[PDB]
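Listed below, chain by chain, are the residues.
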Amino acid sequence: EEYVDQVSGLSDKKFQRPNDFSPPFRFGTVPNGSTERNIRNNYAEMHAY
Amino acid sequence: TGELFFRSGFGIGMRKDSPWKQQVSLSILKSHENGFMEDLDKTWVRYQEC
C-alpha cells in the first residue's frame, strides 16, 4: 500500500469551496507577481481567501 | 504508461503571408490567458470516467 494523493485542478471543491468541507484548507503564494495578478484577474474569491 | 518524449504542441496552419495569421496568433493567446481553453479541455477531454 502506497501512493495515495491526487488533486484535479483549479476547479476542485477544495479551492472553490474552502469552508463547505473539512476544516478550511490553505493555499497561497507571494504577492506582486504574474501568477498573483493572473489569479486575481481570474478568481476573485480565491484570491480574497 | 511511460514518460513523455518529443513534446511538440499543435498549431493552426496558414499561408506564408496573411493578416489572419497574426489575428489567430493573438486570439489564441487571449483565449489561453482568459480561460476558454481550460473550459474546452474540461468539457471535451477531461472525461474522467475511471
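Residues numbered from 1 in each chain as written, not as in the entry; some residues may be left out. Chains lettered and ligands numbered in written order. Part of a larger assembly, values for the part shown. Heavy atoms only, no water. Residues with missing side-chain atoms left out of burial classes, pairs and counts.

Its PDB record attributes the structure to cryo-EM, giving the resolution as 4.05 Å.

As recorded in the PDB entry, chain B goes by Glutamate receptor ionotropic, NMDA 1 and comes from Rattus norvegicus. The title given to this PDB entry is "Rat GluN1-GluN2B NMDA receptor channel in apo conformation".

Going by the PDB entry, chain A carries the name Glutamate receptor ionotropic, NMDA 2B and comes from Rattus norvegicus.

Draft legend 1. Region of interest: the overall build of chain A. Per the secondary structure count, chain A includes three helices and zero strands. Shown N-terminal to C-terminal, the secondary structure of chain A runs as helices and strands in the order α-α-α. The C-alpha extent of chain A, read off along each of the three principal axes, is 40 × 25 × 15 Å. (Helix = DSSP H or I, 4+ residues; strand = E, 2+ residues; numbered from the N terminus.)

Draft legend 2. Representation of the environment of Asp12(A). All names here are of chain A. Position of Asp-12 relative to the elements: it lies in the segment before α1 (13–16). Considered as a pair, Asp-12 and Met-46 are 34 residues apart in the sequence and their alpha carbons are 12 Å apart. Side-chain polar atoms of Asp-12 contact the side chain of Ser-8, separated by 3.4 Å. (Polar contact = N/O pair within 3.5 Å; in protein donor to acceptor, adjacent residues only side chain to side chain.)

Draft legend 3. Geometry of unusual backbone geometry. At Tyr3(A), a position not held by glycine, the phi torsion is positive, near 60°. Of note, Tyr3(A) is situated in the segment before α1. Residue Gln48(B) is not a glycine yet carries a positive backbone phi of 60°. Assignment of secondary structure puts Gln48(B) in the segment after α2 (36–44).

Draft legend 4. View of helix α1 (residues 19–34) of chain B. With 16 residues, α1(B) ought to run about 22 Å at 1.5 Å a step, and its terminal C-alpha atoms sit 22 Å apart, in line with that. Just past α1(B), the residue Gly35(B) takes up positive phi, approximately 140°. (Expected span 1.5 Å × (residues − 1).)

Draft legend 5. Region of the structure containing the packing of aromatic side chains. Residue and element names in this part refer to chain A. Seen in terms of ring centroids, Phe-27 and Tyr-49 are 5.8 Å apart; in terms of plane orientation they differ by 40°. Their pairing is tilted. Placement of the pair is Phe-27 in the loop between α1 and α2 (34–42) and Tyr-49 in the segment after α3 (44–48), with a sequence separation of 22 residues. Put simply, the rings of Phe-15, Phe-27 and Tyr-49 pair up and form one aromatic cluster. (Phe/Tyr/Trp six-rings, centres within 6.5 Å; stacked < 30°, edge-to-face > 60°.)

Draft legend 6. Fine view of the environment of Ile39(A). All names here are of chain A. Structurally, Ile-39 is set in helix α2. Each C-alpha atom of the pair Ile-39 and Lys-14 lies 16 Å from the other, and the pair is 25 residues apart in sequence. Each residue touching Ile-39, except ones within four places of it in the same chain, is listed here: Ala-44 and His-47. (Contact = heavy atoms within 4.5 Å.)

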